[PDB]
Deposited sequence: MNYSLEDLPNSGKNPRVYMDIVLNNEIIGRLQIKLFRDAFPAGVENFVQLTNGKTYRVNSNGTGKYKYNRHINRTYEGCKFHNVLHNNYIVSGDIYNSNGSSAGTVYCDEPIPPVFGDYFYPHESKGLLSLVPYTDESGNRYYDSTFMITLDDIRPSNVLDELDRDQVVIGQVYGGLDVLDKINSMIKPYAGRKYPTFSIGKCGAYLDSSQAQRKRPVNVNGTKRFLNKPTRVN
């Protein structure tokens, strides 16, 4: 499978998904994430289908490393190949947002990380960010571009985010541990599934 941007799958209004977080071949915890398809339909569907991992070239978040990590701020992942992609024949995802916007001020928010092409145009891919804290004077979450678009929230596993954040407390000369995504998937969306 691939999907078309012209004819988007529909995974539900609020798909829910999970991701194990792995460190040194051991699962340290599981994140459970509720998505807001009305924030950004194409970016939400790409996230959910990559979580399902059935799309083929197989495209999954499983095995992805957290490649940019910042104590008291965020973690970032999504290099599904090292590079990022999309379920839409790896087509860039346009910034076509839905009817609602979610502020980017709280701990455990999921967002998609923008990039700019050769013409200066904004696109999205599999690259995603999760916040480790709320905005406060002591961090730089208030500095994130509005284009760092919120598409979901963690509803289980904030304590796993805390473990990650503790382990990345900075010290000169200390390199961070390498976190990765383990098993991942979507929970059944019963409203979408019923017949």
Give the ranges of the deposited sequence, numbered from 1, for which the structure holds no C-alpha coordinates, in sequence order. 58 to 72, 97 to 100, 215 to 234
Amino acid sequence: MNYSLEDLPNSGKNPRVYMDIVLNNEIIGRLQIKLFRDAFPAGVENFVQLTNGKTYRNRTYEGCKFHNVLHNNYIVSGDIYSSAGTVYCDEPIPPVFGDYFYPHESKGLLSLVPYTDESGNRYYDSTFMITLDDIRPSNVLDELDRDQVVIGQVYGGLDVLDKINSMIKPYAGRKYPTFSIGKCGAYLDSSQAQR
From here on, numbers count along this sequence of modelled residues.
Averaged over C-alpha atoms, is the B-factor higher for 181 to 189 or for 6 to 14 in this PDB entry? 6 to 14
The stretch whose C-alpha atoms carry the larger average B-factor in the entry, 28 to 36 or 136 to 144, is 136 to 144
Relative C-alpha B-factor of residue 66, binned into the chain's lowest, middle or highest third: middle
Going by the recorded CA B-factors, say which third of the chain residue 108 sits in, lowest, middle or highest. lowest
How does residue 53 rank on Cα B-factor within its chain, lowest, middle or highest third? highest
Among all modelled residues of this chain, ranked by Cα B factor, put residue 116 in the bottom, middle or top third, i.e. lowest, middle or highest. middle
Test of reading the entry: by CA B factor among the chain's modelled residues, which third contains residue 59? highest
